[PDB]
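Report on the structure given below.
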Amino acid sequence: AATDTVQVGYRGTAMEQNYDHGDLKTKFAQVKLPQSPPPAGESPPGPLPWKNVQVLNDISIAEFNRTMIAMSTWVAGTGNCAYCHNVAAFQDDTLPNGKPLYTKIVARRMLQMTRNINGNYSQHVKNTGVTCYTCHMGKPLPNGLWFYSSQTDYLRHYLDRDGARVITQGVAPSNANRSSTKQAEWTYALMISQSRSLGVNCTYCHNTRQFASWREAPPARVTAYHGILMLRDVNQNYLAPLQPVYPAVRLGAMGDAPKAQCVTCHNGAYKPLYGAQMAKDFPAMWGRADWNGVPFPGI
Amino acid sequence: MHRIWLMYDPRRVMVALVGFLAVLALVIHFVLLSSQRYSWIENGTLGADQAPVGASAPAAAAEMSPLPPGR
Ligand code: BCL
Ligand SMILES: *[C@H]1O[C@H](CO)[C@@H](O[C@@H]2O[C@@H](C)[C@H](O)[C@@H](O)[C@H]2O)[C@H](O)[C@@H]1O[C@H]1O[C@H](C(=O)O)[C@@H](O[C@H]2O[C@H](CO)[C@@H](O)[C@H](O)[C@H]2NC(C)=O)[C@H](OC(C)=O)[C@H]1OC(C)=O
Ligand code: HEC
Ligand code: HEC
Ligand code: HEC
Ligand code: HEC
């Protein structure tokens with residue numbers, strides 16, 4: 001029944017995070033115990049034999065096989081190469097029946113997406129980075145999948161919408177800001193969702209005496225903003241265009257593809273996997289010329 | 001039937017009657033004024049052939065927007 005607290009702002013401002021100590025320990029142990037361990041890695045010479053490899057062109061043959069073992073355990077359970085492949089012919093993108101191996105052609109896109117996350121959105125994911133495990137956590141479906149439902153659904157802030165500001169940056173009313181109180185309710189609903197997605201409260205990113213202030217806010221607010229821009233790219237360019245690839249059992253009632261949100265990576269924790277650093281161990285997924293000064297072992 | 005005024009005091013009945021007719025007329029006028037087909041203050045001059053029909057969809061307008069430009 002003890003409560004852990006973390007101070008995140010100045011003395012006396014009550015910018016604090018509170019956790020039920022028992023509840024947090026069970027959540028944390030529930031991550032530790034399943035956390036999948038990595039293979040060791042090794043450094044051969046020699047030219048690449050692959051017949052139909054289009055993304056992983058740039059890694060050694062040993063690093064490639066090491067990556068496939070990781071992908072199996074992170075998405076399908078360990079050694080489950082049959083989840084993606086016609087195991088008699090790994091280069092195939094179709095079954096013997098000619099029907100396409102939809103998971104393999106999705107997984108090729110998910111590699112490009114992961115490289116794009118780890119490369120272009122380092123202002124968000126920094127040197128923790130993401131792997132397939134971050135979303136999938138050992139299962140084919142991540143958490144927090146969402147579909148079209150209503151026009152005013154706030155999760156469209158992570159796809160095709162842009163503005164969320166409502167506060168005036170001046171004393172007097174002006175034509176610059178004609179925001180409705182209903183729009184402030186909409187931002188408030190959106191912000192509760194982000195708070196729950198991380199398991200934090202509003203004071204993690206704001207001094208609530210002025211929500212619009214960046215100077216009074218913790219630096220996490222700047223990281224959070226880059227998370228919005230990242231999700232828009234992830235949803236608009238990688239997840240949403242996979243609509244013709246999935247079986248109709250995966251699609252939404254509008255026939256749209258499942259889309260991601262903050263909770264998909266974070267799963268109610270302030271960092272994904274409480275900050276477990278795995279991307280550093282898998283250069284196939286860096287999308288980056290060095291990871292924290294460790295250079296990419298390219299061929 | 002005039003004996004209704006022996007059991008009920010007409011002083012009290014007429015206030016309740018006036019109030020009931022008042023709320024009923026006001027409800028119906030406000031209902032119509034909010035409809036598409038019978039918004040007579042905006043569209044009263046349209047002919048019946050060009051007045052709205054079938055506009056029963058429960059979200060005809062955008063729910064969320066800025067206020068109109070403030071001038
Ligand atoms: C586009 C125009 C609108 C409209 C616009 C308005 C507006 C605006 C107003 C009314 C008003 C009234 N409307 Mg109209 N009205 C519409 C269509 C209807 C229809 C229908 C089925 O289509 C009916 C039955 C009515 C009926 C009525 C009355 C209740 C009322 C005025 C007379 C009154 O109360 O006298 C006493 C008589 C009755 C209640 C009976 C009506 C006549 C019937 C046919 C007689 C037979 C016996 C009767 C059914 C017994 C009922 C029990 C009662 C205790 C008497 N309207 C259409 C949709 N109507 C006015 C109002 O609310 O006044 C208070 C008003 O301001
Ligand atoms: C699934 O289908 C694809 C079709 O693209 C097959 O991919 C082939 O191999 C790739 C390396 C190559 O890049 C690609 O262009 C393509 O040549 C994949 O191997 C899977 O094959 C099975 O289904 C195929 C299909 O298209 O239905 C089928 O191929 C058929 O068409 C080719 C001519 O394009 C012809 O040679 C086959 O005889 C014909 N077969 C049938 C049953 O219709 C494959 O058939 C054969 C003999 O390979 C299927 O694989 C098997 C083991 O039968
Ligand atoms: C999806 C989650 C997969 C799992 C599970 C496994 N593999 Fe894989 N494989 C996958 C993709 C998307 C690709 C193409 C990569 C690209 O850059 O296009 C591959 C490719 C291979 C290959 C190369 C075949 C060739 O073109 O010559 C091999 C040899 C391979 N994969 C082996 C392999 C093993 C041994 C696996 C389990 C231990 C395994 N794969 C799982 C997707 C997925
Ligand atoms: C969140 C940022 C993810 C990252 C990191 C990875 N994946 Fe992904 N994956 C994600 C979503 C939102 C979905 C759609 C879920 C659905 O309903 O299908 C997927 C889907 C897949 C699939 C298909 C699963 C299935 O339909 O059975 C595969 C095979 C897959 N993802 C593979 C994969 C790989 C290989 C990844 C890292 C290289 C990877 N995913 C990362 C979200 C995210
Ligand atoms: C980081 C994980 C945050 C949490 C927790 C909360 N907020 Fe937030 N807020 C955050 C960002 C990155 C932004 C900008 C969003 C954008 O798309 O521009 C905001 C913005 C707001 C605003 C609007 C400020 C303005 O200038 O009008 C409000 C009113 C707001 N946030 C309120 C709010 C509430 C009520 C929260 C907890 C329930 C909350 N925020 C948490 C980052 C984060
Ligand atoms: C995976 C593709 C993620 C998505 C979707 C979101 N976040 Fe994220 N976030 C991710 C990682 C790997 C990390 C750790 C980076 C690091 O600092 O090492 C983070 C971190 C944050 C933080 C910083 C936490 C802190 O230390 O204070 C915040 C505030 C945060 N993330 C917010 C956030 C929001 C608001 C998101 C949706 C709009 C969101 N994240 C999505 C990975 C991913």
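Residues are named by chain letter and number: chains run A, B, ... in the order of the structure tokens, numbers start at 1 in each chain, and ligands are numbered from 1 in the order shown.
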
Sel. of helix (DSSP H, G or I) residues, chain B, as a ChimeraX atom specification
/B:4-7,10-34,40-43

Residues up to 8 Å from ligand 5, counting only C-alpha atoms and all ligand atoms: could you list those as a ChimeraX atom specification?
/A:157,162-169,184,187-189,191-196,198,200-206,208,211-213,220-228

Could you report the residues within 9 Å of ligand 3, using only C-alpha atoms and all ligand atoms, as JSON, numbers by chain?
{"A": [49, 50, 51, 52, 53, 54, 55, 56, 57, 64, 65, 66, 67, 68, 69, 70, 71, 72, 73, 74, 75, 76, 77, 78, 79, 80, 81, 82, 83, 84, 85, 87, 89, 90, 91, 92, 93, 103, 104, 105, 106, 107, 108, 109, 110, 111, 112, 132, 140]}

Which residues sit within 7 Å of ligand 2, counting only C-alpha atoms and all ligand atoms, listed as a PyMOL selection string?
chain A and resi 91-100

Give me, as a ChimeraX atom specification, all polymer residues having an atom no more than 10 Å from residue 13 (chain A), counting only C-alpha atoms and skipping those fewer than 4 positions away in the same chain.
/A:7-9,203,207-209

Would you mind exporting N, CA and C atoms of the selected residues as a tab-separated table (two decimals), in the first residue's frame?
```tsv
chain	number	residue	atom	x	y	z
A	7	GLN	N	9.83	13.13	-8.17
A	7	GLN	CA	9.72	14.56	-8.41
A	7	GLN	C	10.25	14.91	-9.79
A	8	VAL	N	9.44	15.61	-10.58
A	8	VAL	CA	9.80	15.97	-11.95
A	8	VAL	C	9.78	17.47	-12.19
A	9	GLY	N	9.47	18.27	-11.18
A	9	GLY	CA	9.61	19.71	-11.28
A	9	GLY	C	10.15	20.36	-10.03
A	203	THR	N	1.47	16.34	-15.14
A	203	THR	CA	2.66	17.06	-14.70
A	203	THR	C	3.95	16.47	-15.24
A	207	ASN	N	3.73	22.09	-16.66
A	207	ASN	CA	3.33	22.80	-15.45
A	207	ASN	C	1.91	23.26	-15.72
A	208	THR	N	0.94	22.66	-15.03
A	208	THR	CA	-0.46	22.88	-15.42
A	208	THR	C	-0.97	24.28	-15.11
A	209	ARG	N	-0.21	25.12	-14.40
A	209	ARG	CA	-0.59	26.52	-14.32
A	209	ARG	C	-0.56	27.20	-15.69
```

Using only C-alpha atoms, pick whichever of A:255, A:219, A:241, A:173 has the shortest atom-to-atom distance to chain B.
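The answer is A:173, which sits nearest to chain B.
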
Taking only C-alpha atoms into account, which residues of chain A are within 8 Å of chain B, as a PyMOL selection string?
chain A and resi 152+174-175+178-180+182-183

As an exercise, work out the distance from atom 30 (C, counted along the ligand's line) of ligand 6 to CA of residue 265 (chain A) in Å and give it to one decimal place.
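Calculated distance between atom 30 (C, counted along the ligand's line) of ligand 6 and CA of residue 265 (chain A) is 9.5 Å.
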
Selection: 10 Å around residue 134 (chain A), only C-alpha atoms, excl. self and same-chain fewer than 5 positions, as JSON, numbers by chain
{"A": [74, 129, 142, 264, 265, 266, 267, 272, 273, 276, 278, 279]}
